[PDB]
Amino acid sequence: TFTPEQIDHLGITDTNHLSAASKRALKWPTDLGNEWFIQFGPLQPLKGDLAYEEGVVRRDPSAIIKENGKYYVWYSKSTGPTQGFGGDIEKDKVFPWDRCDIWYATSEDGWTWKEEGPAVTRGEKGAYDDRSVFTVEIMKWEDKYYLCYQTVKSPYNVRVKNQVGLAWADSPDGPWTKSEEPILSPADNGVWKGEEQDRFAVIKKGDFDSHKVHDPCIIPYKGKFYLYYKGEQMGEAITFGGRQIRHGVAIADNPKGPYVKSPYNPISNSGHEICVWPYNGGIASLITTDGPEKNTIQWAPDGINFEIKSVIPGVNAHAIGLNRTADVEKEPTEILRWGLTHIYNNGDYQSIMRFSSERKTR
């Protein structure tokens, strides 16, 4: 099937001799415009306490909200160099996001940021979040503020399964009350092989999130709470599209849970970081980094069934913290005009950075 208009739009030279690629091009939706297509500007440094600082990791910025005349952002913060996993795991810092707490900063212009103080810290020895609390996002509901984040219980071994903690407050400045129990855990059905600390050696891989549940982000949606997350699997494979990473959602009736994973998981087949937002009654999601559908912006009318809306150039701003103060409903990608991100200055220390993006115009 095809019209004359479609043939002309596609530049197809002979409808009696359609190449494989032209056949794929004729399956693209004809009513899908260019308004999901965007390009990022160069990453820009931040001023004040969010400038690079030797000896300190500040990374993985949350979404930004505005309260009290000020932008707020939450982020992972640790100090000291990273050794990695070849030595004493009880003693060393295995990743830059090991040994973290969650701190926060505010800004009147989104450029000069004042680090205010800790928001959420590691629990006492033996608790589920004693090793590191890190990789945070922010949700507001009915005048309360919620931070969901990754937790690790010591030791931070290659094979450890992280969980997700939740903390709440009555002001964006805290103080915050942590949940006594994690709100989300990886699947329980993988099975390791042997005793070596090797995340690739398994007897059974288990579900797509049998190892890790990452980048938790909660969107109040349809009167319920949709926690989108990234699974890593035990025995993760590399495919024609790279690392095999997929996204899930878990849904709660109330902010504090219980969050029950959707039978439709995984709700992506690709991606890495979680970057999602409600738009026109549904949920938009930027899929990046890994997988056959990396570098796409996707949209689900029901937060579950995502369709490709654009295929964009490789995205330079990783782990985006979305500008939630934007006029999100104006345009599918209005929320992405600016926001926060980070950059690997070096293997030990990273810093938060600001990005911009624009639609392309002829």
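A residue's number is simply how far along the shown sequence it sits, counting from 1.
Enquirer: Mean CA temperature factor from the deposited coordinates, higher in 213 to 221 or in 190 to 198?
Expert: Mean B over CA atoms: larger for 190 to 198.
Enquirer: Tell me which of 86 to 94 and 241 to 249 has the higher mean C-alpha B-factor in the deposited entry.
Expert: Mean B over CA atoms: larger for 86 to 94.
Enquirer: Take the CA temperature factors straight from the PDB entry and tell me which of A63, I38, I297, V328 peaks.
Expert: Reading the PDB entry, the winner on C-alpha B-factor is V328.
Enquirer: Given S132, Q233, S76, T112, identify the residue with the highest C-alpha B factor in the PDB entry.
Expert: The listed residue with the largest C-alpha B-factor is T112.
Enquirer: Thinking about Cα B factors across the chain, which third does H17 belong to?
Expert: Its C-alpha B-factor, which the entry lists for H17, ranks in the middle third among residues of this chain.
Enquirer: Hey, what third does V164 fall into on Cα B-factor, ranked over its chain?
Expert: For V164, the deposited C-alpha B-factor lands in the lowest third.
Enquirer: Just say lowest, middle or highest third for the CA B-factor of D101 relative to the other modelled residues in its chain.
Expert: Middle third - that is where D101 ends up once the chain's C-alpha B-factors are sorted.
Enquirer: Ranking every modelled residue in this chain by its Cα temperature factor as given in the entry, which third contains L147?
Expert: For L147, the deposited C-alpha B-factor lands in the middle third.
Enquirer: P29: which third of its chain by C-alpha temperature factor?
Expert: Ranked within chain, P29 CA B lands in the highest tercile.
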